[PDB]
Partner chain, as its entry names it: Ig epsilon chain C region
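In the form solved without the partner chain, a lone chain appears below as structure tokens.
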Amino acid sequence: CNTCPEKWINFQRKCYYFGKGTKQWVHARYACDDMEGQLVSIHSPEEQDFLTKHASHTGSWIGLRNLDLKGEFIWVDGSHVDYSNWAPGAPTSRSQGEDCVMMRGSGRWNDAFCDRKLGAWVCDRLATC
């Protein structure tokens, strides 16, 4: 079970899309939804390393945010953070309004303002058989 839609890339039981074009966080969410995917969720160092390999050098929106300003970071599939890869000093404690999460070229995570325009974003979905 590793068949991916055209222009996506397989890793383990998932397919990944590395979108380009300027978007704020929620706009990146809807872009992923338009291709029947979701902004990427990250649950293991293996997956992170795969993501770092293809990652846009200039920063990418990923599927983690401060749901309902609660303020716990929750993946857009409803899953919690088990694996994490924060940049040193991230996430910003409590709590400036940097409520959406981006991934640097290095692969490390940084909490950011949701209205920030980044030039990349990562979607995932389940691979088919």
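Numbering follows the first chain given and starts at 1.
Missing here is the form deposited with the partner chain bound; even so, the following discussion is about that form.
Among residues of the shown chain, residue 58 is not one whose heavy atoms approach the partner chain to within 4.5 Å in the entry with it bound. Looking at residue 10, you'd find every heavy atom of it more than 4.5 angstroms from the partner chain in the entry with it bound. By the criterion of a heavy atom within 4.5 Å, residue 95 is counted among the residues contacting the partner chain in the entry with it bound. In the entry with it bound, the partner chain lies farther than 4.5 Å from every heavy atom of residue 106.
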